[PDB]
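Peer 1: Below is structure12.cif; it holds mmCIF, C-alpha atoms; chains and numbers go by the auth columns.
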data_run
#
loop_
_atom_site.group_PDB
_atom_site.id
_atom_site.type_symbol
_atom_site.label_atom_id
_atom_site.label_comp_id
_atom_site.label_asym_id
_atom_site.label_seq_id
_atom_site.Cartn_x
_atom_site.Cartn_y
_atom_site.Cartn_z
_atom_site.B_iso_or_equiv
_atom_site.auth_seq_id
_atom_site.auth_asym_id
ATOM 1 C CA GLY A 1 -32.732 -65.118 71.143 0.00 1 A
ATOM 2 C CA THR A 2 -30.107 -67.800 70.566 0.00 2 A
ATOM 3 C CA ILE A 3 -29.449 -67.370 66.846 0.00 3 A
ATOM 4 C CA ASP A 4 -27.116 -65.890 64.232 0.00 4 A
ATOM 5 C CA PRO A 5 -27.145 -62.284 62.947 0.00 5 A
ATOM 6 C CA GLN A 6 -30.177 -62.876 60.729 0.00 6 A
ATOM 7 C CA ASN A 7 -33.938 -62.307 60.672 0.00 7 A
ATOM 8 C CA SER A 8 -36.163 -64.353 62.983 0.00 8 A
ATOM 9 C CA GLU A 9 -36.137 -63.082 66.568 0.00 9 A
ATOM 10 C CA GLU A 10 -39.345 -61.058 66.274 0.00 10 A
ATOM 11 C CA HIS A 11 -38.749 -60.121 69.913 0.00 11 A
ATOM 12 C CA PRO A 12 -38.078 -56.452 70.775 0.00 12 A
ATOM 13 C CA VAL A 13 -34.401 -56.766 69.859 0.00 13 A
ATOM 14 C CA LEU A 14 -31.901 -57.286 67.039 0.00 14 A
ATOM 15 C CA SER A 15 -33.415 -60.011 64.860 0.00 15 A
ATOM 16 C CA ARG A 16 -31.416 -63.239 64.637 0.00 16 A
ATOM 17 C CA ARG A 17 -31.689 -66.667 63.009 0.00 17 A
ATOM 18 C CA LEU A 18 -29.666 -69.888 63.122 0.00 18 A
ATOM 19 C CA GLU A 19 -29.904 -73.348 61.562 0.00 19 A
ATOM 20 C CA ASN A 20 -27.943 -76.349 60.287 0.00 20 A
#
If you took the structure in this file and wrote it as structure tokens, what would it be?

Peer 2:
Amino acid sequence: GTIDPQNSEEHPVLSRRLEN
């Protein structure tokens, strides 16, 4: 949660990742 359309959010949902 709270990230871009990438891989990271291991949670039971659409993965997402965000950074600088």

Peer 1: Env of residue 8 of chain A: 7 Å cut, atoms = all atoms listed in the file, seq-sep filter 6 positions within chain, self excluded. Answer as a PyMOL selection string.

Peer 2: chain A and resi 15-17

Peer 1: Given 8 Å of margin on each side, can you work out the centre and size in Å (one decimal) of an axis-aligned box holding every listed atom of segment 4-10 of chain A, as lines of an AutoDock Vina configuration file?

Peer 2:
center_x = -33.2
center_y = -63.5
center_z = 63.6
size_x = 28.2
size_y = 20.8
size_z = 21.9

Peer 1: Once the PyMOL selection byres ((chain A and resi 1) around 8) is applied to the coordinates I shared, what remains selected? I want it as a count of residues only.

Peer 2: 5
